[PDB]
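Have a look at the structure below, then the notes.
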Amino acid sequence: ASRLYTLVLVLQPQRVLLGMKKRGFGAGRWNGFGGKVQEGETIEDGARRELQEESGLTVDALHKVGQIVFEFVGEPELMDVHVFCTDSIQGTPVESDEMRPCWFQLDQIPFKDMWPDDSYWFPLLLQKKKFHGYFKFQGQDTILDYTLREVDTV
Ligand SMILES: CN(C)C(=O)Cc1ccc(-c2nc(N)nc3ccccc23)cc1
């Protein structure tokens, strides 16, 4: 019982792009860009579409870097999140009524204002490592348990 979601990180040699979500699920947190995958759409095509819709950026090369399964205790549907990375983008990030993008230096990642699991796998993403993770949450702020491992193939 799961649903597909995408998560895209624009990671350049000295900075990473994150977006502050204004409303709905995850509002008030910085995260990468993404969302649900459409019927008849590949996961990578959904990731590209969502990056454009939310950041205003155009991407050509997306690299699969991780898969994270999120469970919220008491919620039947697991979130199967496919994580992607890109260093090659076109355009400038756009602020909209749904999203406020901002560039962060790699030593200034705003972990206190991100989902709490990010503190675990973001250091792997920064060291160009690929991973599989599972995080069990009680509400939106508490990690009850988790698994996280580096993989060669996502
Ligand atoms: C704006 N985005 C990226 C989405 O709407 C899809 C989505 C939403 C939330 C999460 C997510 N990210 C992280 N880092 N931690 C989470 C913890 C629990 C649930 C979702 C989480 C991933 C993709």
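Labels for the structure tokens follow display order: chains A, B, ..., residues from 1 in each chain, ligands from 1.
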
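Neighbours of residue A:10 closer than or equal to 9 Å, with only C-alpha atoms counted and sequence neighbours fewer than 3 positions away skipped, come out as residues 15, 16, 17, 18, 32, 33, 84, 85, 86, 87, 88 and 89 of chain A.
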
Which residues of chain A come within 10 Å of ligand 1, and what is each one's closest atom pair and distance in Å (one decimal), counting only C-alpha atoms and all ligand atoms, sorted by chain and residue number, as JSON lines?
```
{"residue": "A:4", "atom": "CA", "partner": "ligand 1", "partner_atom_place_in_ligand_line": "6 (C)", "distance": 8.9}
{"residue": "A:5", "atom": "CA", "partner": "ligand 1", "partner_atom_place_in_ligand_line": "6 (C)", "distance": 5.3}
{"residue": "A:6", "atom": "CA", "partner": "ligand 1", "partner_atom_place_in_ligand_line": "23 (C)", "distance": 5.5}
{"residue": "A:7", "atom": "CA", "partner": "ligand 1", "partner_atom_place_in_ligand_line": "3 (C)", "distance": 4.7}
{"residue": "A:8", "atom": "CA", "partner": "ligand 1", "partner_atom_place_in_ligand_line": "3 (C)", "distance": 7.0}
{"residue": "A:9", "atom": "CA", "partner": "ligand 1", "partner_atom_place_in_ligand_line": "3 (C)", "distance": 9.2}
{"residue": "A:18", "atom": "CA", "partner": "ligand 1", "partner_atom_place_in_ligand_line": "3 (C)", "distance": 9.6}
{"residue": "A:19", "atom": "CA", "partner": "ligand 1", "partner_atom_place_in_ligand_line": "1 (C)", "distance": 7.8}
{"residue": "A:20", "atom": "CA", "partner": "ligand 1", "partner_atom_place_in_ligand_line": "1 (C)", "distance": 8.7}
{"residue": "A:21", "atom": "CA", "partner": "ligand 1", "partner_atom_place_in_ligand_line": "1 (C)", "distance": 6.8}
{"residue": "A:24", "atom": "CA", "partner": "ligand 1", "partner_atom_place_in_ligand_line": "5 (O)", "distance": 8.7}
{"residue": "A:25", "atom": "CA", "partner": "ligand 1", "partner_atom_place_in_ligand_line": "5 (O)", "distance": 6.9}
{"residue": "A:26", "atom": "CA", "partner": "ligand 1", "partner_atom_place_in_ligand_line": "9 (C)", "distance": 6.2}
{"residue": "A:27", "atom": "CA", "partner": "ligand 1", "partner_atom_place_in_ligand_line": "1 (C)", "distance": 8.9}
{"residue": "A:29", "atom": "CA", "partner": "ligand 1", "partner_atom_place_in_ligand_line": "14 (N)", "distance": 9.2}
{"residue": "A:30", "atom": "CA", "partner": "ligand 1", "partner_atom_place_in_ligand_line": "14 (N)", "distance": 8.6}
{"residue": "A:31", "atom": "CA", "partner": "ligand 1", "partner_atom_place_in_ligand_line": "3 (C)", "distance": 6.1}
{"residue": "A:32", "atom": "CA", "partner": "ligand 1", "partner_atom_place_in_ligand_line": "3 (C)", "distance": 5.2}
{"residue": "A:33", "atom": "CA", "partner": "ligand 1", "partner_atom_place_in_ligand_line": "3 (C)", "distance": 4.2}
{"residue": "A:34", "atom": "CA", "partner": "ligand 1", "partner_atom_place_in_ligand_line": "3 (C)", "distance": 3.8}
{"residue": "A:35", "atom": "CA", "partner": "ligand 1", "partner_atom_place_in_ligand_line": "6 (C)", "distance": 3.7}
{"residue": "A:36", "atom": "CA", "partner": "ligand 1", "partner_atom_place_in_ligand_line": "6 (C)", "distance": 6.5}
{"residue": "A:37", "atom": "CA", "partner": "ligand 1", "partner_atom_place_in_ligand_line": "6 (C)", "distance": 9.5}
{"residue": "A:47", "atom": "CA", "partner": "ligand 1", "partner_atom_place_in_ligand_line": "3 (C)", "distance": 9.1}
{"residue": "A:50", "atom": "CA", "partner": "ligand 1", "partner_atom_place_in_ligand_line": "1 (C)", "distance": 8.2}
{"residue": "A:51", "atom": "CA", "partner": "ligand 1", "partner_atom_place_in_ligand_line": "3 (C)", "distance": 8.8}
{"residue": "A:54", "atom": "CA", "partner": "ligand 1", "partner_atom_place_in_ligand_line": "1 (C)", "distance": 7.8}
{"residue": "A:68", "atom": "CA", "partner": "ligand 1", "partner_atom_place_in_ligand_line": "13 (C)", "distance": 8.5}
{"residue": "A:69", "atom": "CA", "partner": "ligand 1", "partner_atom_place_in_ligand_line": "19 (C)", "distance": 8.4}
{"residue": "A:70", "atom": "CA", "partner": "ligand 1", "partner_atom_place_in_ligand_line": "18 (C)", "distance": 5.4}
{"residue": "A:71", "atom": "CA", "partner": "ligand 1", "partner_atom_place_in_ligand_line": "18 (C)", "distance": 7.3}
{"residue": "A:72", "atom": "CA", "partner": "ligand 1", "partner_atom_place_in_ligand_line": "18 (C)", "distance": 7.5}
{"residue": "A:78", "atom": "CA", "partner": "ligand 1", "partner_atom_place_in_ligand_line": "19 (C)", "distance": 9.0}
{"residue": "A:79", "atom": "CA", "partner": "ligand 1", "partner_atom_place_in_ligand_line": "19 (C)", "distance": 6.8}
{"residue": "A:80", "atom": "CA", "partner": "ligand 1", "partner_atom_place_in_ligand_line": "22 (C)", "distance": 8.6}
{"residue": "A:81", "atom": "CA", "partner": "ligand 1", "partner_atom_place_in_ligand_line": "22 (C)", "distance": 5.9}
{"residue": "A:82", "atom": "CA", "partner": "ligand 1", "partner_atom_place_in_ligand_line": "23 (C)", "distance": 8.0}
{"residue": "A:83", "atom": "CA", "partner": "ligand 1", "partner_atom_place_in_ligand_line": "23 (C)", "distance": 8.3}
{"residue": "A:98", "atom": "CA", "partner": "ligand 1", "partner_atom_place_in_ligand_line": "1 (C)", "distance": 9.6}
{"residue": "A:99", "atom": "CA", "partner": "ligand 1", "partner_atom_place_in_ligand_line": "1 (C)", "distance": 8.6}
{"residue": "A:114", "atom": "CA", "partner": "ligand 1", "partner_atom_place_in_ligand_line": "14 (N)", "distance": 7.0}
{"residue": "A:115", "atom": "CA", "partner": "ligand 1", "partner_atom_place_in_ligand_line": "15 (N)", "distance": 4.7}
{"residue": "A:116", "atom": "CA", "partner": "ligand 1", "partner_atom_place_in_ligand_line": "15 (N)", "distance": 6.8}
{"residue": "A:117", "atom": "CA", "partner": "ligand 1", "partner_atom_place_in_ligand_line": "15 (N)", "distance": 5.6}
{"residue": "A:118", "atom": "CA", "partner": "ligand 1", "partner_atom_place_in_ligand_line": "14 (N)", "distance": 5.2}
{"residue": "A:119", "atom": "CA", "partner": "ligand 1", "partner_atom_place_in_ligand_line": "14 (N)", "distance": 9.0}
{"residue": "A:120", "atom": "CA", "partner": "ligand 1", "partner_atom_place_in_ligand_line": "14 (N)", "distance": 9.8}
{"residue": "A:121", "atom": "CA", "partner": "ligand 1", "partner_atom_place_in_ligand_line": "14 (N)", "distance": 8.9}
{"residue": "A:122", "atom": "CA", "partner": "ligand 1", "partner_atom_place_in_ligand_line": "14 (N)", "distance": 8.8}
{"residue": "A:134", "atom": "CA", "partner": "ligand 1", "partner_atom_place_in_ligand_line": "17 (C)", "distance": 9.7}
{"residue": "A:135", "atom": "CA", "partner": "ligand 1", "partner_atom_place_in_ligand_line": "17 (C)", "distance": 7.4}
{"residue": "A:136", "atom": "CA", "partner": "ligand 1", "partner_atom_place_in_ligand_line": "18 (C)", "distance": 8.3}
{"residue": "A:137", "atom": "CA", "partner": "ligand 1", "partner_atom_place_in_ligand_line": "18 (C)", "distance": 7.0}
{"residue": "A:138", "atom": "CA", "partner": "ligand 1", "partner_atom_place_in_ligand_line": "18 (C)", "distance": 9.8}
{"residue": "A:139", "atom": "CA", "partner": "ligand 1", "partner_atom_place_in_ligand_line": "18 (C)", "distance": 9.0}
{"residue": "A:140", "atom": "CA", "partner": "ligand 1", "partner_atom_place_in_ligand_line": "18 (C)", "distance": 6.7}
{"residue": "A:141", "atom": "CA", "partner": "ligand 1", "partner_atom_place_in_ligand_line": "17 (C)", "distance": 8.7}
{"residue": "A:142", "atom": "CA", "partner": "ligand 1", "partner_atom_place_in_ligand_line": "18 (C)", "distance": 9.7}
{"residue": "A:143", "atom": "CA", "partner": "ligand 1", "partner_atom_place_in_ligand_line": "17 (C)", "distance": 9.0}
```

Keeping C-alpha atoms for every residue in the selection just given, could you write it to a file as a CSV table (one decimal), in the first residue's frame?
```csv
chain,number,residue,atom,x,y,z
A,4,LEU,CA,4.8,7.4,-5.7
A,5,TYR,CA,6.3,10.8,-5.0
A,6,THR,CA,9.3,12.6,-6.5
A,7,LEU,CA,12.0,14.7,-4.8
A,8,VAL,CA,14.5,16.7,-6.8
A,9,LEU,CA,17.6,18.3,-5.5
A,18,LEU,CA,15.6,24.3,-1.7
A,19,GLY,CA,12.1,25.5,-1.7
A,20,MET,CA,10.0,26.8,1.2
A,21,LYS,CA,6.5,25.3,0.7
A,24,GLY,CA,-0.6,22.0,2.1
A,25,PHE,CA,1.5,19.0,3.0
A,26,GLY,CA,5.0,20.0,4.2
A,27,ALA,CA,4.1,23.7,4.5
A,29,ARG,CA,9.6,23.4,5.6
A,30,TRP,CA,12.4,23.7,3.1
A,31,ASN,CA,12.7,20.7,0.8
A,32,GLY,CA,13.5,19.7,-2.8
A,33,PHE,CA,10.9,19.9,-5.5
A,34,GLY,CA,8.5,17.3,-6.5
A,35,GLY,CA,5.1,15.8,-6.1
A,36,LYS,CA,2.8,13.0,-7.2
A,37,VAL,CA,3.4,11.1,-10.5
A,47,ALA,CA,10.2,14.7,-11.4
A,50,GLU,CA,7.4,19.1,-10.9
A,51,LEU,CA,10.8,20.7,-10.8
A,54,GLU,CA,7.6,24.6,-8.5
A,68,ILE,CA,13.0,6.6,0.7
A,69,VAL,CA,9.8,5.0,2.0
A,70,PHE,CA,7.9,7.1,4.6
A,71,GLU,CA,5.4,5.7,7.0
A,72,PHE,CA,3.2,7.7,9.3
A,78,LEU,CA,3.3,4.6,2.6
A,79,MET,CA,5.0,7.4,0.6
A,80,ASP,CA,7.5,5.9,-1.9
A,81,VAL,CA,9.8,8.8,-2.6
A,82,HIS,CA,12.1,8.7,-5.6
A,83,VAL,CA,15.0,11.1,-5.1
A,98,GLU,CA,3.1,28.0,-3.7
A,99,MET,CA,6.9,28.0,-3.3
A,114,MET,CA,13.5,20.8,7.0
A,115,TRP,CA,11.8,17.4,7.6
A,116,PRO,CA,13.8,15.6,10.3
A,117,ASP,CA,14.9,12.7,8.2
A,118,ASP,CA,17.0,15.0,6.0
A,119,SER,CA,19.7,15.3,8.6
A,120,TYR,CA,20.3,11.5,8.0
A,121,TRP,CA,20.5,11.2,4.2
A,122,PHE,CA,21.4,14.7,3.0
A,134,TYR,CA,12.8,3.9,5.4
A,135,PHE,CA,11.5,6.3,8.1
A,136,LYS,CA,8.7,5.6,10.5
A,137,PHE,CA,7.1,8.9,11.8
A,138,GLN,CA,4.6,9.6,14.6
A,139,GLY,CA,3.1,12.8,13.4
A,140,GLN,CA,5.4,15.2,11.3
A,141,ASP,CA,8.2,15.8,13.8
A,142,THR,CA,9.1,12.5,15.4
A,143,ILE,CA,11.1,9.6,13.9
```

Requested in this report: Identify, on the basis of only C-alpha atoms, every residue whose closest approach to residue A:123 does not exceed 12 Å; exclude the query and any residue fewer than 5 positions from it along the same chain; express the result as a ChimeraX atom specification.
Outcome: /A:106-107,109,111,117-118,128-131,148,150

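Using only C-alpha atoms, the residues found no farther than 6 Å from residue A:55, other than those of its own chain fewer than 3 positions away, are residues 51, 52, 93 and 94 of chain A.
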
Residue selection dump (C-alpha atoms) as a CSV table (one decimal), in the first residue's frame:
```csv
chain,number,residue,atom,x,y,z
A,51,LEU,CA,10.8,20.7,-10.8
A,52,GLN,CA,9.6,23.1,-13.6
A,93,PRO,CA,14.4,30.1,-9.7
A,94,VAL,CA,11.0,31.7,-9.5
```

Report task. Just list the residues in stretch 115-149 of chain A DSSP gives alpha helix (DSSP H) on the backbone, as a PyMOL selection string. Result -> chain A and resi 118-126

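Put simply, atom CA of residue A:144 is 24.8 Å away from atom CA of residue A:126.
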
**Report entry** One-decimal distance in Å that lies between atom CA of residue A:38 and atom CA of residue A:75
**Finding:** 21.8 Å

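Nearest-residue note for residue A:154: choosing from A:22, A:13, A:53, A:132, the minimum distance belongs to A:132, counting only C-alpha atoms.
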
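Here atom CA of residue A:73 stands at a distance of 15.6 Å from atom CA of residue A:3.
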